[PDB]
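Enquirer: here is my input, please return the structure:
(chains A, B, C, D, E, F, G, H, I and J, ligands or ions: 3)
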Amino acid sequence: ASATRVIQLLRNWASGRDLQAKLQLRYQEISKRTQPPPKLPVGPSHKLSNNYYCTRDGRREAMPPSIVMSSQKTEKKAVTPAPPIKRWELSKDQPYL
Amino acid sequence: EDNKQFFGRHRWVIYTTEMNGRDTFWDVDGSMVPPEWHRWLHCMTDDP
Amino acid sequence: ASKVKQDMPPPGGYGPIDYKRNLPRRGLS
Amino acid sequence: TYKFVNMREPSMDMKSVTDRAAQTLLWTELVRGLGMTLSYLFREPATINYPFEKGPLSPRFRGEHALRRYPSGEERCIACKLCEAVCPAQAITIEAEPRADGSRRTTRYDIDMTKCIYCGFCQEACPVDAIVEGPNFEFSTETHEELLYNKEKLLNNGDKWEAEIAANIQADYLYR
Amino acid sequence: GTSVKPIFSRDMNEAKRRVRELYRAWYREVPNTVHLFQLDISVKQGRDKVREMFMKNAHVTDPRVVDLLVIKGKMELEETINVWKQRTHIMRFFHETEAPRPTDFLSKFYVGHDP
Amino acid sequence: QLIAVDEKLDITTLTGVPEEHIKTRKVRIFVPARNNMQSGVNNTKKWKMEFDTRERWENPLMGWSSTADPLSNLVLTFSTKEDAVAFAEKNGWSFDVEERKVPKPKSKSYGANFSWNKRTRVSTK
Amino acid sequence: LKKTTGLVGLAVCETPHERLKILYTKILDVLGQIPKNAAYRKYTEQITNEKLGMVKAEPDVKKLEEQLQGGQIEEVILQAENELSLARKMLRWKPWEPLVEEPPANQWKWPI
Amino acid sequence: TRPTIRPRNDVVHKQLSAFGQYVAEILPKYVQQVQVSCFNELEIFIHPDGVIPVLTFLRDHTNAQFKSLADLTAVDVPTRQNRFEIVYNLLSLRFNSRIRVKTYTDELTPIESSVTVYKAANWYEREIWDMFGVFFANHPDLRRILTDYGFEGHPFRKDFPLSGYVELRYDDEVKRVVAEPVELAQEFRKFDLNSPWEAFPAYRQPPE
Amino acid sequence: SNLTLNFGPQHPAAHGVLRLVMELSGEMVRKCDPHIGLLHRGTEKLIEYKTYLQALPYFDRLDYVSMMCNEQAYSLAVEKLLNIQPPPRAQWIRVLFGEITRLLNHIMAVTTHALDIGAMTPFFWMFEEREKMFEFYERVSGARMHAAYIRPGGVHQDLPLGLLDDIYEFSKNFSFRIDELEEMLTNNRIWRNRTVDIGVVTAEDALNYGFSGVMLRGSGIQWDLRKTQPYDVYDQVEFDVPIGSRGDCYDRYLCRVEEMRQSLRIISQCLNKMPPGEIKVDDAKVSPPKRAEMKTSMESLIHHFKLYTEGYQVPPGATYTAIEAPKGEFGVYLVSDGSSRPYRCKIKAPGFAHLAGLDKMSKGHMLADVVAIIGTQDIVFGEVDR
Amino acid sequence: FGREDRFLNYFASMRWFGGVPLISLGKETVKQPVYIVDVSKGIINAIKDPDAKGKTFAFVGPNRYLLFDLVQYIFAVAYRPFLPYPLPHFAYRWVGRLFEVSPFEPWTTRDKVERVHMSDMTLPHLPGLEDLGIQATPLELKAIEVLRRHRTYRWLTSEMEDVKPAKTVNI
Ligand SMILES: COC1=C(OC)C(=O)C(CC=C(C)C)=C(C)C1=O
Ligand code: SF4
Ligand code: SF4
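Expert: Numbers count the residues shown, from 1 in each chain, chains lettered A, B, ... in the order given. Ligands and ions are numbered 1, 2, ... in the order given. Okay, here it is:
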C-alpha cells in the first residue's frame, strides 16, 4: 500500500495487528494474465493394444438388485445394519476454542 | 497503466469526447471500447 | 512431444497457511 | 475428530474478577470494536472507477453469443443442429436448406437471449467452432424485442468481435 | 365386493351430509368475503357462484370422490377465511377478462378448426 | 372395514383438467411403428398413448411455431394395452386402440441363392 | 460425578445401574406376553439379556459405556425406554401374523 | 476394469442383506419384499397398512435406531393399478446406515400420516399431497404448500402438461392480475431421443 | 385476538421470497406460519424433460449460494447409477472447490445474519473475499457463480496454469479476515445478548425434526457426512468438526466460524496434494472426447455427436445420494428407467426441514428474536421451493 | 364514466368546496351516462362488423337520470354529505372564467359548465350498443369501482348493494 508510516502505525494500533503483512488488496504477487500453453496428459485408456472396451465397461457391469426374501417365493443371532459407530476423538490439535 | 496500483485500478481508459456521431463529453459507457482494447482492459491478456 | 505441462503445486510445497483464531489480549489490568 | 467451541470456564480469582468487572463497567470490548472500525477507516478502499476501470475477466468468460467465419469469409456453421439439440433452455431455433451452390447452410438461426442461461453448452457441442459465447457483457436494451437475436444479428456480432474472440480461443483451445 | 376402503363416509348419505355442511359454511362466509376483500360484486352474486361450483360436481356417484371434493372445498374455504387468497384469486372464479366462446357449430366453423 | 363401492372409476372431477380438454379430445393407444431408416426394434416394445393434433400457427415477430393446446406434447407409456385403456377410461378420455403389428416369421435359406432350377438364384453377390 | 453429558436436553443421570436394571426387567416382562415363536420376542430378549448381563457385571460407568458400545449411558437409558415403548406397541400390533394382501401382479416391476 | 469402473464393497452388501433378512423375519405381516442394490442400498417393500408399525420399529428398535427421516417423496407410474409409489429414506446415526421403505397407493386410497413417528414428515406429506394428490389421514394440517393459491390439479403427475393449463398476466381494465388459458408464442419442442438398439442386456425383459 | 402480520415476501429480513404469517400478542410471537412456493419453479418436472447433462445446470440454481456442491451431489448420484469412477485429479479438484464453496456460503450466512441483527460492516468486509472467490470460479469455468463445472464424468476442464498460486495467495490471508469478523462479533455483549439462548433446540427434537449439519452440531450431536460417509477424497484430508453445547444461535455462529477455519485447513491440504492426470473419466461413452480427437478420429466424432444429441443411457435403478453441503445434508433420489432421461429426480434440501421447524424454535420469543432465528437456520428458498 | 373519467370523479371532487353548486338545482337536466367498457367493446365490435361501414351509432346507457338525483347518488355512494345549492347561470359562467386561467389542466371551464347543465339528446333513429351485441351496463353496478376511492376510512368496506339506487326518468 501507499500509506505513510504514521498511518500504518495508527492502523496497526487500532486493529491490534500488523496490517501491512496481510493486505486485502493484491498488488503484484498474483499470476500473469498471459500464460504459456499447456500440454494436458491423456489418460489410462489411450493404449494402442490390450485395450478392448469390454474389459473396461462400467455401465455393462451393472445388474438388477439382489433379491432377498420374496414373499411369493436355531442359533439365529440378532444383527444390526452395520457395526456400531466408534466414538469420536477430541482434537489433539486444538480441543477447546 | 500504473502497475503500482492494486489489481483492478492498475489499468484504465479515458474515453474520447466524440465517438461515431454523439457527443461523449459527459455521456460515456463501457461499450465504447473496441474489442482489442477490450481484451487488454479486462485483463484477459497482458499484451496491449 | 514435449513434457506434460499441467497446473501443479511447486516443487516441495506451498508455505504453511494460518487458520487458527488470533485475538491478542491487548489491555491493561 | 472434533473440537468444542463454547466449553471454557472463567477464572474466579480476585484479579480475573476485577478484570471482568472493569470490562463490564468500562466497555472494553466495545472499544476494541470501535478500534477495528477506525483501523478500517484508514485503509485504501477496494472500489474501482467503473466504467473507466473494469473488473478482471479470463479468456473462458461466457458472454454475448456470436457466429464465426473461416478466414476465407465462408461461415463455419453447417447446420448440424447439435447446439439446438443440446441447449438446456431450448433457446436455439434452426432451419436449413441447400444453398444455391449446394452448400449445407442455415436459413434461420435464432437465439432467444431471454431464454438462454449462458451455460456455453452450444459452443462445446459445436464441431466447427461456429457458435461462441463472446467476451461482451454490456448489451442491455430498452425493449424485450431487441434481445431476440436472429442470424443477421449473430453474424454481425461475429464480425464485430472476431478480433477478440480469436485471441481468446487461441488462449484456451489447448484446454478443450 | 370390490374390497375398497373409505376416506370418511361409508356410503352416499354421509357424503351428502358433509356436502351440506360445507355448503352451509361457504354460504355463511360469502358476505364476509365481500366485505373483507372489497369486492365490487354483490352477496347474491357470490352465493350464486358458490352454488354453481357445487352443481358442477353434482353428477359424481362415488363416495370417495365426494369425500375428496369436500376436503378440497374445505381447503379452499380455509384459504379464503384466513385471507391467504388475494382479490385476484377470488375474482378468478368469475373469468371477467375471458371473451365468451359460442357453442354453436357455425360459430366454431367460422373461427377455426377446433371442435 | 370396507364400503364396497359398485360404481365405475371416474377421477375427472379431481384432476383439475378443464372440461374442453376432457370431452373434445381423442387419444390414440398404439405400439409405435419402427422407424424405417433403422433396423433396431427396441423402440417397438411399449404401448403409447398420445393426443390428437391441434392447430399450430406462425408467430408474427420471429416466425416461431405457436400453439394453444396444452396437451400437444403429452405422451404416456404403458406395459400393456389394457393398462392404457384403463388409464384413458378412468381419466374420461375417449380412445382409439390399434392392435400391435408384429413382423411375421420368414423362411431364410442362403443356399437358395444358388438354385439349380428356381428363380431364386442370384445373378450377383 | 459427571456433568454436562454434552447433548442439549439430556440431563445427567445419577444411579444409572438401577435405572437400567428396572428398564430391562420391564422390557422382559412385556416381552413375556408375546408368543414364543415370534421373532421379535426372541431377538429382543436375546439382546436385552446380553445388555442386562453386562450391566450386572460392571460397577464402573465409563467402562460400562465402553462395553455396551451404546454411546453415553444416558442415551442407553433413552434407548431402553424407546425399546419398552416399542415392545408395548408391537404387543398391540402383533406383526408376527402372516402377510396380508400380497401386492398386485406387477406392482414392483422396474423398469415399467 | 480398474481405473474407470466404480469398485464394489462386499462387506456392506453382506451386512445389508443380513439386516434385510432380520427386518423381514421380525415383521412378516407387512413386509412383501427386500432388496439390496449392487451399489449397496437396502430397500424394503411393504403393504400400505404397515406404514406406521414398520417405521416405528425402525425408529425405536435397539438394533435399528433409524431416528432421522432424510426424505419422503412419491413416484408416479401410470401403468400400475396403484399409481403412486411412496418412498421413505431413513438414516441411522448409531449404526451409520441408510434404509429405504416403499409402499403404494392409488388416487382414492388414503395413506396413514407418519407425523407421530417423525415430525419431519409434516411438510413432506403436504408436498406429496400438493404435487401428486395423495391424501394422508390424521394429518394435523394438510393443505397446499408449493402451488399458487387455488391452483387446480397436481403438477407432478405424468399426465399433467409441462406448461399447465393457465397463465397469468396483468389486466388494466380490471386493474389486477388475471388467469387465462395458456398460449405459447413458441411451442415447446418434443425430442425423440431413444435409440432403437438395446443398451443393457442385463435388464432385458422376456418377450411375453 | 392476536394481531396477524405478513412478514415478507417484500421484507429485508425475509431472505428472499417468504410469506411468514405471524400471530403476535404485542411483540411476543404466538405462532409462525411460513408460506413458501413463491419461488417454486417446478424444477423436477423440467428435469424429467431433459437428458442427464441438460439437467445439471438446474442444480446450480437450486442453492445459488453453494453451486459446485449441488453439482457434486448430482454428479455423484449419476456416477453411482452409471457404475463409473471419476479420476483422482477430478476428485481432488472437486473437494478443493467444495471447500471454497463452503467458504462462500458461510461468509454469506454469517454476514447476512449479522446484517439482519443490525451489524452491516462485516458484510462489506467479507464480500470482497466473496468477489475474489467468484474470480476463481470464473477463471475455472467462465461464470462467476453458475459454473456447471462439476459433471458426472469429473470436471469439464482442467485448471488454468496459474490458478493454484492465486488460490494459495488468497488462502494465506483469509484467516486475518476471519479474525477481524470475530473481533467485531464474538465477544460483543450486544451480539451475545441478541444470540445467546435464542432458538434453543434439543438433540432429540433436532433428530426427530429432520435437521442436519450445524443445526445438529450446535446441540452436541457428533455427526458429519464428510467424516462418517466420505465421498470423493474426504478420507484423505484432516480436519476437525466443531461441536456446540447450548443449541442456540450463538453456538451455531461459533460453529460456522470454526468451520470456515477448518475449510481453510482442508484447502491448504488440497493445494499441496493435487495430483497429475486427466480430469474426466477415460470412457467416451460417458465423457465427451477432446476436441482434437473429435476432429481427427471417426469413433471420437460419433461419440461426441451421440453424447451431445441423445446423451448417455443410464442403467435402470434408483439411488439416494447425499453430501454434507454447507447448509446441511443435500440429497438426490434419482430414478432411471434405462434411457437417456431421468424418470424421477427428487431433491432433498436441508432448508426444507429447517424451515419446517421454525414454529417450534420461536416459542416464547419476540419479533427480533424470530429474525435472528430466521438468520440462524441458513435458508435459501431456491432449494426450499425447487 | 369509469375509473379515470371526468364525470363521476368531477362531481365527487366538488366536496372540497363544501357545497355543490347546481344550475336550477340540477332539476332541468337529464343524463344518460354510458360505461367505458361498453364503449370500448362497441368500438371493437364495429371493427369486426362488416355491416357497420358507413353507419352512425349512438352509445348511451340504459337509464336516464335527472342531474340532481345523479349527483345525490354519487355523493351517497361516496358516503359524503350532500349540500346542493342553486347557482345562477351567469355566476357559474364567471366561476368557469376564473378557473380557465390555469396554465395546467383546469378544474373546470365555462364550456364544461355548459355541457354539464345540458340535457342528453334522444336519437332513436340511430343504431346503438344493442345493435352490436352489447347489453349496456347500468351505473348501479359500476359506480362503486369508481367512487370507493373517494370514501373515508370509515366507509371503505361498504358493499355495493347498500346505497339504494337512484330514481330514473325513463319514458
Ligand atoms: C447496508 O445496506 C444494505 C442493506 O440495508 C441494510 C440491505 O438490506 C442489503 C440487502 C441484503 C440483506 C440481506 C437484505 C444490502 C446488500 C445492503 O448493502
Ligand atoms: S449458452 Fe446454453 S442456454 Fe444459451 S444458447 Fe448456448 S446452450 Fe442454450
Ligand atoms: S452453430 Fe455449430 S453446432 Fe450449431 S448448427 Fe451450426 S455447426 Fe451445428
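Enquirer: how about the contacts made by residue 8?
Expert: With no chain named, the answer covers chain A. A:19, A:20 (C-beta atoms under 8 Å, 6 or more residues apart in numbering or on different chains). (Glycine included, C-beta is placed from N, CA and C.)
Enquirer: that's the other chain; I wanted chain C
Expert: I:164, I:274, I:276.
Enquirer: roughly how far does the first one sit from residue I:88?
Expert: Residue I:164 sits 16 Å away from residue I:88, going by C-beta to C-beta, to the nearest Å.
Enquirer: stretch D:66-82 close to ligand 3?
Expert: Yes - Stretch D:66-82 is in contact with ligand 3 by C-beta under 6 Å from any ligand atom, via D:77, D:78, D:79, D:80, D:81, D:82.
Enquirer: still on that earlier bit, restrict the contacts of residue C:8 to contacts with chain C.
Expert: Restricting the contacts of residue C:8 to those touching chain C (C-beta under 8 Å from any C-beta of the partner chain) yields I:164, I:274, I:276.
Enquirer: report the buried members of the residues you listed.
Expert: Among these, those buried by neighbour count (16 or more other C-beta atoms under 10 Å in any protein chain shown) are I:164, I:274.
Enquirer: export the ones next to chain C among the contacts of residue C:8 as JSON lines, with columns for secondary structure.
Expert: Below are the ones next to chain C among the contacts of residue C:8 laid out as JSON lines (DSSP: H, G, I helix; E, B strand; the rest coil):
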{"residue": "I:164", "secondary structure": "helix"}
{"residue": "I:274", "secondary structure": "coil"}
{"residue": "I:276", "secondary structure": "coil"}
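Enquirer: out of the ones next to chain C among the contacts of residue C:8, who's nearest chain G?
Expert: residue I:274 (37.4 Å; C-beta to the nearest C-beta).
Enquirer: contacting residues around the closest one?
Expert: C:7, C:8, C:9, I:89, I:92, I:93, I:96, I:164.
Enquirer: one more time with 6 Å
Expert: By C-beta atoms under 6 Å, 6 or more residues apart in numbering or on different chains, residue I:274 lies in contact with C:9, I:92.
Enquirer: gap between it and residue I:18?
Expert: 41 Å.
Enquirer: tell me the helix or strand right after the one helix or strand residue I:252 maps to.
Expert: Using DSSP states H and E, residue I:252 falls within helix I:249-272. Per DSSP H and E, helix I:249-272 leads on to helix I:291-294 as the next helix or strand towards the C-terminus.
Enquirer: tell me which strands and helices that following helix is in contact with?
Expert: helix I:298-309 (3 or more C-beta pairs under 6 Å, 6 or more residues apart in numbering or on different chains; DSSP states H and E).
Enquirer: can the helix it packs on be found next to chain H?
Expert: No - judged by C-beta under 6 Å from any C-beta of the partner chain, helix I:298-309 stays clear of chain H, getting no closer than 7.6 Å.
Enquirer: buried set for that helix?
Expert: Under the neighbour-count criterion of 16+ other C-beta under 10 Å, helix I:298-309 has I:300, I:303, I:304, I:305, I:306, I:307, I:308, I:309 buried.
Enquirer: can you give me the helices in the chain?
Expert: In the absence of a named chain, chain A is used. Ranges of helices within chain A are A:5-15, based on DSSP state H.
Enquirer: should've been chain H
Expert: Going by DSSP H, chain H shows helices at H:10-26, H:51-60, H:121-132.
Enquirer: again with chain J
Expert: If DSSP H is used as the criterion, the helices of chain J fall at J:8-12, J:36-47, J:67-77, J:89-99, J:110-117, J:144-147.
Enquirer: can you say which of these is nearest to chain I?
Expert: helix J:144-147 (25.2 Å).
Enquirer: is that closest one in proximity to chain E?
Expert: Yes - part of helix J:144-147 sits near chain E under the criterion C-beta under 6 Å from any C-beta, namely J:144, J:145.
Enquirer: quick check: buried residues in the helix or strand residue I:375 falls within?
Expert: Using DSSP H and E, residue I:375 maps to helix I:367-376. Residues of helix I:367-376 classed as buried: I:367, I:369, I:370, I:371, I:372, I:373, I:374, I:375, I:376 (neighbour count, 16+ other C-beta under 10 Å).
Enquirer: just checking, what packs against that helix?
Expert: Here helix I:367-376 touches helix I:88-117, helix I:249-272, going by 3+ C-beta pairs under 6 Å, 6+ apart.
Enquirer: tell me how far that helix lies from the chain's centre.
Expert: Relative to the mean C-alpha coordinate of its chain, helix I:367-376 is positioned 21 Å out (C-alpha atoms, centre = their mean, to the nearest Å).
Enquirer: tell me the contacts of the closest residue to chain J within the stretch 151-300 of chain I?
Expert: For the stretch 151-300 of chain I and chain J, the shortest gap (C-beta to the nearest C-beta) falls at residue I:194, measuring 37.3 Å. Applying C-beta under 6 Å, 6+ apart, one finds that residue I:194 lies in contact with residue I:117.
Enquirer: distance of it from residue D:108?
Expert: Distance, residue I:194 to residue D:108, by C-beta to C-beta: 60 Å.
Enquirer: tell me if the helix or strand following the helix holding residue I:375 is near chain H.
Expert: Beyond helix I:367-376 on the C-terminal side, the first helix or strand identified by DSSP H and E is helix I:381-385. No - legend: contact between helix I:381-385 and chain H by C-beta under 6 Å from any C-beta is lacking; minimum distance shown is 6.6 Å.
Enquirer: contacts for helix I:381-385, please.
Expert: Residues outside helix I:381-385 that contact it (C-beta under 6 Å, 6+ apart): I:16, I:17, I:36, I:37, I:39, I:40, I:62, I:63, I:64, I:349, I:351, I:352.
Enquirer: any chance of JSON lines for those residues, columns distance to ligand 1 and neighbour count?
Expert: Formatted as JSON lines, those follow (distance: C-beta to the nearest ligand atom, whole Å; neighbours: other C-beta atoms under 10 Å in any protein chain shown):
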{"residue": "I:16", "distance to ligand 1": "9", "neighbour count": "15"}
{"residue": "I:17", "distance to ligand 1": "12", "neighbour count": "19"}
{"residue": "I:36", "distance to ligand 1": "18", "neighbour count": "22"}
{"residue": "I:37", "distance to ligand 1": "21", "neighbour count": "21"}
{"residue": "I:39", "distance to ligand 1": "16", "neighbour count": "17"}
{"residue": "I:40", "distance to ligand 1": "21", "neighbour count": "20"}
{"residue": "I:62", "distance to ligand 1": "20", "neighbour count": "24"}
{"residue": "I:63", "distance to ligand 1": "16", "neighbour count": "26"}
{"residue": "I:64", "distance to ligand 1": "14", "neighbour count": "14"}
{"residue": "I:349", "distance to ligand 1": "20", "neighbour count": "26"}
{"residue": "I:351", "distance to ligand 1": "16", "neighbour count": "24"}
{"residue": "I:352", "distance to ligand 1": "21", "neighbour count": "23"}
